[PDB]
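Asks: structure for this input, please:
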Amino acid sequence: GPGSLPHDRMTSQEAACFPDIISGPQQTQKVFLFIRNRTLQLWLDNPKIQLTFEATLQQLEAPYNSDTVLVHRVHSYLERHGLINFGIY
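Replies: Numbers count the residues shown, from 1 in each chain. Structure as follows:
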């Protein structure tokens, strides 16, 4: 339901892949959440073509585009778990 993937809280599936983030300072949790939310919004605005890591990074404003390792992790997590890029190859 509405609680499953809220904009303002990390989930347990995310916790398994980001234990360092969910355990850590709140402001870095907010960075994670912004990246996740924007990546999903980019995908769902155009779910008929592949959303790549590079395209995501180019569409994130500063300062979110600065931590390229974190953006890559979020994008990889979302794609590997099927939340982006289903059916578009």
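Asks: ok, residue 13 - contacts?
Replies: residue 81 (C-beta atoms under 8 Å, 6 or more residues apart in numbering). Using the backbone N, CA and C atoms, a C-beta is placed for each residue, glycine as well.
Asks: could you do the one 5 residues further on as well?
Replies: Under the criterion of C-beta under 8 Å, 6+ apart, the neighbours of residue 18 are 10, 32, 73, 77.
Asks: most surrounded residue in those residues?
Replies: Within those, residue 32 tops the neighbour count with 22 neighbours, counted by other C-beta atoms under 10 Å.
Asks: from residue 49, how far out is it?
Replies: Remark: distance between residue 32 and residue 49 (C-beta to C-beta, to the nearest Å) = 25 Å.
Asks: just want the most central residue of the chain.
Replies: For the chain, the residue nearest the mean C-alpha position is residue 36 (2.4 Å; C-alpha atoms, centre = their mean).
Asks: surely it is in contact with residue 74?
Replies: Yes - if you go by C-beta atoms under 8 Å, residue 36 and residue 74 touch, sitting 5.4 Å apart.
Asks: taking the contacts of residue 18, tell me the two that lie furthest apart.
Replies: 10 and 73 (13.0 Å; C-beta to C-beta).
Asks: can you map out the helices along the chain?
Replies: Under the criterion DSSP state H, helices of the chain are mapped to 12-17, 19-22, 26-45, 53-58, 68-80.
Asks: for residue 2, which of those is the nearest?
Replies: Closest among these, using C-beta to C-beta: helix 26-45, at 14.6 Å.
Asks: and the contacts of residue 18, which is closest to residue 61?
Replies: Closest approach to residue 61 among the contacts of residue 18 (C-beta to C-beta): residue 32, at 15.9 Å.
Asks: got the contact list for the closest one?
Replies: Neighbours of residue 32 in contact, by C-beta under 8 Å, 6+ apart: 10, 14, 18, 21, 70, 74.
Asks: reformat the residues you listed as JSON lines; add distance to residue 57.
Replies: Formatted as JSON lines, the contacts of residue 32 follow (distance: C-beta to C-beta, whole Å):
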{"residue": "10", "distance to residue 57": "21"}
{"residue": "14", "distance to residue 57": "19"}
{"residue": "18", "distance to residue 57": "18"}
{"residue": "21", "distance to residue 57": "18"}
{"residue": "70", "distance to residue 57": "10"}
{"residue": "74", "distance to residue 57": "10"}
